[PDB]
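Novice: How does the following fold in three dimensions:
(chains A and B)
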Amino acid sequence: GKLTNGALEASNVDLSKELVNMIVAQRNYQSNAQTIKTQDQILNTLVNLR
Amino acid sequence: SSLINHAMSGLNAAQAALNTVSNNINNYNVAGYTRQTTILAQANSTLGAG
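Specialist: Numbering: from 1, shown residues only, chains lettered A, B, ... in the order given. The coordinates are given below.
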């Protein structure tokens, strides 16, 4: 393609995308953390088996 | 972002036009001075956005 003189390219971040992608990432993180809490539940139940 | 860029670049154009009209109307009576007009145009609109 052509070039511009006296104009520049805006970095391709519409901040909204990454902000809501942050809430989503925090979401998956928290869900997986809850699953780890369930892992501890299971394993301490194994502790309780004794 | 791009919406604010739109807001501002139009502000730039409006300021330039005001400057031009003030320039002319002030210079109005000088012998040898010709009326002058300021023109607008669109950016290097090129596509990667879908």
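Novice: any idea how far the residue nearest the centre of chain B is from chain A?
Specialist: A centroid search over chain B (CA atoms, centre = their mean) returns residue B:13, at 3.1 Å, as the residue closest to the centre. Counting by CB to the nearest CB, to the nearest Å, the separation of residue B:13 from chain A is 14 Å. Every C-beta, even on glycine, is put in place using the N, C-alpha and C of the backbone.
Novice: What helix or strand is that residue located in?
Specialist: Element membership for residue B:13, per DSSP states H and E: helix B:2-26.
Novice: so how far is that helix off the chain centroid?
Specialist: 5 Å (CA atoms, centre = their mean, to the nearest Å).
Novice: tally of neighbours for the residue in chain B that chain A sits nearest to?
Specialist: The minimum distance from chain B to chain A, using CB to the nearest CB, falls at residue B:44 (4.9 Å). By other CB atoms under 10 Å in any protein chain shown, the residues close to residue B:44 number 12.
Novice: Would you agree it is in contact with residue A:6?
Specialist: No. Between residue B:44 and residue A:6 there is no contact under CB atoms under 8 Å: 9.9 Å.
Novice: can you pull the contacts of residue B:16?
Specialist: Residue B:16 makes contact with residue B:38, according to CB atoms under 8 Å, 6 or more residues apart in numbering or on different chains.
Novice: burial count for whatever residue of chain A ends up closest to chain B?
Specialist: Minimum separation of chain A from chain B (CB to the nearest CB) falls at residue A:4, amounting to 4.9 Å. Residue A:4 is flanked by 11 other residues according to other CB under 10 Å.
Novice: do the same with residue B:38
Specialist: Residues lying near residue B:38 (other CB under 10 Å) number 13.
Novice: for it, what are its contacts?
Specialist: Counting by CB under 8 Å, 6+ apart, residue B:38 has contacts B:16, B:17, B:19, B:20.
Novice: For the residue nearest the centre of chain A, pull up the helix or strand it's in.
Specialist: With distances taken as CA atoms, centre = their mean, residue A:25 lies nearest the centre of chain A, 1.9 Å away. Per DSSP H and E, residue A:25 falls inside helix A:15-49.
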